[PDB]
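Here the structure comes first, spelled out in structure tokens, and everything after it is commentary.
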Amino acid sequence: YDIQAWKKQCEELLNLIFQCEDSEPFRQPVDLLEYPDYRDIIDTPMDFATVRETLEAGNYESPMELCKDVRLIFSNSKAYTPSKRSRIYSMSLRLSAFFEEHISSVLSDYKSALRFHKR
Ligand SMILES: Cn1c(=O)ccc2ccccc21
């Protein structure tokens, strides 16, 4: 029933993600010299360094907010890919499966802790 425990849990999950080779294209903003049409397709850029900095600044109130930004990384990759077989899209799908497998207990524990607080 610890309402604050999600923050360290999310820091540890982001450290695992940074150690994964599949995260390398997503650790920093997409390079516009490499992909000059990117902002014609993608309205709201996101990357894992931005997510980690927002967490460390104390600018997430809940793990739901962090999960929305991570899911935006993956939806942007799906929208920009020219093919569902592309190398960088293929990396995003494996990273998404890993993230969803680990975030489910973080979300469930936080929501249970808040319900106990409000009982
Ligand atoms: C830059 N980039 C992305 O950021 C995401 C998907 C993708 C797929 C193929 C080629 C480049 C790509």
Side-chain angles (χ1 to χ4, degrees), residues 1-7 9-119:
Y1 307 134
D2 181 341
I3 298 162
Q4 285 90 52
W6 65 274
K7 181 172 181 179
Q9 294 163 355
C10 289
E11 290 170 340
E12 294 174 0
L13 179 51
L14 291 167
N15 291 345
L16 292 176
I17 288 172
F18 270 91
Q19 274 294 313
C20 293
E21 289 173 5
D22 282 339
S23 71
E24 194 284 337
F26 311 105
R27 291 174 191 160
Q28 60 290 300
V30 173
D31 195 329
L32 302 169
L33 310 195
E34 291 183 346
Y35 300 109
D37 63 331
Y38 190 69
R39 292 302 304 281
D40 303 344
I41 304 157
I42 301 305
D43 282 351
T44 309
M46 191 52 57
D47 69 277
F48 285 107
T50 299
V51 173
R52 179 190 265 168
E53 292 155 18
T54 299
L55 184 69
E56 296 304 290
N59 293 349
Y60 291 127
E61 187 175 13
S62 74
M64 298 82 79
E65 290 178 350
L66 177 147
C67 184
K68 179 179 179 182
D69 284 349
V70 170
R71 288 170 178 169
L72 180 61
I73 300 173
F74 304 135
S75 63
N76 286 345
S77 179
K78 191 175 188 178
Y80 187 66
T81 195
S83 170
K84 283 193 192 194
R85 299 178 55 198
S86 293
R87 174 74 192 271
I88 291 172
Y89 177 64
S90 80
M91 294 164 80
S92 81
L93 290 182
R94 292 190 293 265
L95 201 66
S96 174
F98 177 77
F99 174 76
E100 291 299 332
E101 173 178 294
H102 285 87
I103 202 69
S104 46
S105 63
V106 179
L107 292 170
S108 292
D109 287 356
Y110 176 78
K111 293 179 182 192
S112 164
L114 264 197
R115 289 189 295 265
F116 189 75
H117 190 70
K118 300 177 194 304
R119 71 194 185 282

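Note: hydrogens, waters and symmetry copies are ignored here, and every other heavy atom, side chains too, is used. Residue numbers count from 1 along this sequence.
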With clusters built from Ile, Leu, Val, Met, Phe, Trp and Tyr whose side-chain heavy atoms come within less than 4.5 Å, directly or transitively, what are the remaining members of the cluster of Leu33, listed by chain and number?
none
Kindly work out whether a path of hydrophobic side-chain contacts (I/L/V/M/F/W/Y, heavy atoms less than 4.5 Å apart) joins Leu13 to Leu93.
no
If you take all heavy atoms of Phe48 and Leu95, which pair is closest and at what distance?
CE1-CD2, 3.6 Å
At what distance, to the nearest 0.5 angstrom, does CZ of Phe99 lie from OG of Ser104?
9.5 Å
For the side chain of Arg119 and the backbone of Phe116, is there at least one donor-acceptor N/O pair under 3.5 Å apart?
yes
Answer yes or no: is there a side-chain heavy-atom contact under 4.5 Å between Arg52 and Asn15?
yes
Does OH in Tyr1 sit with more than 12 non-hydrogen atoms of other residues, nucleotides or ligands closer than 6.0 Å?
no
Distance from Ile3 atom CD1 to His117 atom NE2, nearest 0.5 Å?
4.5 Å
Looking only at heavy atoms, the pair that brings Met91 and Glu21 closest together is CE-O, 3.7 Å
Nearest heavy-atom approach of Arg27 to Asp47 is O-OD2, 3.7 Å
Could you tell me whether the side chain of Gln28 and the main chain of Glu24 form a donor-acceptor pair under 3.5 Å?
yes
Are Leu66 and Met64 linked, directly or through intermediate hydrophobic residues, by side-chain heavy-atom contacts shorter than 4.5 Å (ILVMFWY only)?
yes
Test salt bridge (charged side-chain N to carboxylate O under 4.0 Å, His left out) applied to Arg94 - qualifying residues, sequence neighbours left out
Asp22
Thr54: which residues meet the side-chain hydrogen bond (donor to acceptor under 3.5 Å, both in side chains) condition with it, sequence neighbours left out?
none
Kindly write out the residues that satisfy side chain to side chain contact (heavy atoms under 4.5 Å, CB included) with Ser92, not counting sequence neighbours, or none if the list is empty.
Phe26, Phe74, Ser77, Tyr89
Suppose the criterion is side-chain hydrogen bond (donor to acceptor under 3.5 Å, both in side chains): which pairs have a residue in residues 35-46, not counting sequence neighbours?
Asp37-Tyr80
Side chain to side chain contact (heavy atoms under 4.5 Å, CB included) involving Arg115 - partner list, sequence neighbours excluded
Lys111, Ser112
Are the side chain of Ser86 and the backbone of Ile88 linked by a donor-acceptor contact shorter than 3.5 Å?
no
Test side chain to side chain contact (heavy atoms under 4.5 Å, CB included) on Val51 and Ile73 and set out the steps.
CA-CA 10 Å; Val51 173; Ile73 300 173; 4.3 Å; yes
When rounded to the nearest 0.5 Å, the distance separating CG of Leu55 from CD of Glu65 is 11.0 Å
Using a 4.5 Å cut-off on heavy atoms from C-beta on, say whether the side chain of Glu56 contacts that of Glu11.
yes
For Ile42 and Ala79, which heavy atoms make the closest approach, and how far apart are they?
CD1-CB, 3.8 Å
To the nearest 0.5 Å, atom OH of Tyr110 lies from atom SG of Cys67 at 13.5 Å
Could you check whether any side-chain N or O of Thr50 sits under 3.5 Å from a backbone N or O of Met46, counting only pairs where one atom can act as donor and the other as acceptor?
no
Residue pair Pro45 / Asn76: nearest heavy atoms and the distance that separates them:
CA-ND2, 3.9 Å
